[PDB]
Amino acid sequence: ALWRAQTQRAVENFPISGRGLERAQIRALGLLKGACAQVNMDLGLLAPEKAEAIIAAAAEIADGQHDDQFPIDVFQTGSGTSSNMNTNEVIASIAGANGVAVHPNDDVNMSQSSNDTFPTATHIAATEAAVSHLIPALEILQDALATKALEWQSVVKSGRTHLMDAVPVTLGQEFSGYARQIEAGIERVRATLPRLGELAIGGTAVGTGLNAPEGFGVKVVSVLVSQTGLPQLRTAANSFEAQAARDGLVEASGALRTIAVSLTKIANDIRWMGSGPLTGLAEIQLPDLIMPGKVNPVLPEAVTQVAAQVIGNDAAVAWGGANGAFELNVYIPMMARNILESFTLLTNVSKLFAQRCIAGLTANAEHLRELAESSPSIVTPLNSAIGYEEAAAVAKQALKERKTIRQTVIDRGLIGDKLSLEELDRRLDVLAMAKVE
């Protein structure tokens, strides 16, 4: 039981959601307090006994030893002051228990304000989320899809446009498109990093840096980069923008929202291809997670639900981001919750979708080819041999009798001087029609 009077009052003030800061947020706050103590010691402003104790307490917090010591609601003062002081109070208690007296404000918060610390910890968490969690999970997903694209490179089937019969494509081509959407997702997350990684630390109460030592922010960021291995962390381009607004969070959520849109398409196609068997498309078999197989598309359902959550969370992030006033945007804890949750859900579901659905998909190449070979969409190359009228009669009879176009052309007595069997086979070569590269 390590927090003190201030945190206790915040517990009483905000019984709203019953949920507090997440592991990554507590980690970031610990990392930040350690870096600030280090710099304050480097500069000779904080006595080494005090600093080394703070640095040790902060390392415990960062390592996840005191997650039970952060009871404050997400829905707290919009600067995150409550959680800032929560971290200061906890560090002080730990230091004192190791027989070193430090003041939560004067020592643990030395050279800092809430207004620059809580957004810094938020951006450390979000940058770490993008770089060390989500991008690698997206690469796992891109690789699974790309591997399918290769495996199925020659697996010809019918295209569908407007949900209607269309000319041939391969499953490999379609899956290459999904792989590109996830590759583009990775490009989209990376494109946000130059601004997501900007940190407010050193701007103090209003962005001017008053009561912080010269270059405090530069030095803290330097320590943070070396401790996290994230070179994307950087001092803000403009100290006022970095505290008056959280636009980088709005930007990064936009990339996550685009990824949610891509995943909705990929997952929807996958459950449709797996549908039926009798009542559906029965094109592929999904891994099952006395009687015939009927696998529910549970992972596609989890993906599409996660995407809806990201859409909603993204709307909440933008709403908070728009509503800053003057020197401070006071929607930080709510914005932090939503973007970090979006990173988490997308990271975790992308890996599961790749590994326990995509990877083990199967298809019947022989059957899918025989079906593409049955489509009215492929009769066009016959027009110059048999005329538009016979071609339409062929298409009708093929559908009615449930035969291939080839077989119907044979059945209707069209093989002869104007159309040989080998010419028929050439003009109706559905794999060639897919134009595989």
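Numbering starts at 1 and follows the sequence shown.
Unmodelled stretch separating residue 278 from residue 279: none (count of deposited-sequence residues without coordinates).
Higher mean CA temperature factor between 345 to 353 and 93 to 101: 93 to 101, per the PDB entry. When 398 to 406 is weighed against 46 to 54, 46 to 54 comes out higher, by mean CA B-factor as recorded in the entry. Within the selection 116, 283, 151, 214, the deposited Cα B-factor values reach their highest point at 214. Between the residues 303, 233, 289, 315, it is 289 that shows the highest Cα B-factor in the PDB record. Residue-level temperature factors show residue 137 in the lowest third of its chain, judged at the C-alpha atom. In the PDB entry, a CA B factor belonging to the highest third of its chain's modelled residues is recorded for residue 229. Looking at the C-alpha B-factors along this chain, the one for residue 293 belongs to the highest third. Sort the modelled residues of the chain by CA B factor and residue 125 lands in the lowest third.
Remark: residue 156 belongs to the middle third of its chain, ranked by C-alpha B-factor as recorded.
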